[PDB]
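Accompanying notes for the structure given below.
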Amino acid sequence: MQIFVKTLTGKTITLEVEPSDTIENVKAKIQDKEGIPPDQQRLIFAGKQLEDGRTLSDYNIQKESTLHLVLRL
Amino acid sequence: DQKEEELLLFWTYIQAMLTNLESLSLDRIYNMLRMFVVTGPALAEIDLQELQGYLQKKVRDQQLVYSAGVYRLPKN
């Protein structure tokens, strides 16, 4: 399924994922697309920072959802 | 929980800003929100219309005044 990750530049990247993918794995796919190390990525959805060990389906993230990426140092 | 606590941090931040700058358009407050996102990322999903609605609650509750296309705090 398809999800979107919007960065603070307004750049929107699109991701191929499955509901069972971890947040860790989503950040690995972001790294593949932008060269951003996973430890620097905060992913935001429904007013929360998403925990690496949990899955998309744990957060009820459906296809076409937008995550927001905010980086740290 | 996260969004809500950080929205409170943003409001405090904006009141100080308004106290010093006297007034602020919706658009400048939005630009301030987008910069603030780096400090509290739980606000990342808030868009311009949602910010407007948030500021309008404050206007209804008389914590902001709106006229001349800009927001102001009541004089203190």
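Identifiers for the structure tokens are assigned positionally: chains receive A, B, ... in sequence, residues are indexed from 1 per chain, and ligands are indexed from 1 in the order shown.
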
TODO: Specify as a list in words all residues of chain A found within 12 Å of chain B, counting only C-alpha atoms.
DONE: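 In the required form, that comes to residues 5, 6, 7, 8, 9, 10, 41, 42, 43, 44, 45, 46, 47, 48, 49, 50, 65, 66, 67, 68, 69, 70, 71, 72 and 73 of chain A.
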
Open item on the list: DSSP on the backbone: which residues in chain B end up as strand (DSSP E)? Give the answer as a list in words.
Closed with: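 Matching residues for strand (DSSP E) in chain B are residues 65, 66, 67, 70, 71 and 72 of chain B.
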
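Residues in contact with range 18-27 of chain A at 7 Å, where only C-alpha atoms are counted and same-chain residues fewer than 6 positions away are skipped, are listed as residues 1, 38, 50, 51, 52, 53, 54, 55, 56 and 57 of chain A.
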
Just the selected residues (C-alpha atoms), exported as a compact mmCIF listing (two decimals), in the first residue's frame, please.
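Final output, selection_12.txt:
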```txt
# COMPACT_ATOMS: atom_id res chain seq x y z
CA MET A 1 0.00 0.00 0.00
CA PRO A 38 16.78 6.78 11.05
CA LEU A 50 5.61 7.14 16.36
CA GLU A 51 7.58 4.52 18.24
CA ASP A 52 10.13 2.47 16.23
CA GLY A 53 9.09 -0.98 17.54
CA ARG A 54 5.38 -0.54 16.74
CA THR A 55 3.76 -1.20 13.32
CA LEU A 56 1.64 1.01 11.05
CA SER A 57 -1.39 -1.17 11.83
```

Task: Length of the CA of residue 22 in chain B to CA of residue 73 in chain B vector [Å] - done: 7.7 Å

- [ ] Determine which residues of chain B receive a DSSP assignment of alpha helix (DSSP H), computed from the backbone, and state them as number ranges by chain.
- [x] B: 2-21, 26-36, 48-60

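For the pair CA of residue 52 in chain B and CA of residue 16 in chain B, the interatomic distance is 18.8 Å.
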
Task: Using only C-alpha atoms: which of B:17, B:65, B:48, B:55 has the shortest distance to residue 30 in chain B - done: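 Looking only at the distances to residue 30 in chain B, the closest residue turns out to be B:48.
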
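Shortest separation to residue 15 in chain B among B:68, B:29, B:47, B:53 occurs at residue B:29, atoms counted being only C-alpha atoms.
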
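Distance annotation: of B:66, B:54, B:72, B:49, the residue with the minimal separation from residue 18 in chain B is B:72; atom set is only C-alpha atoms.
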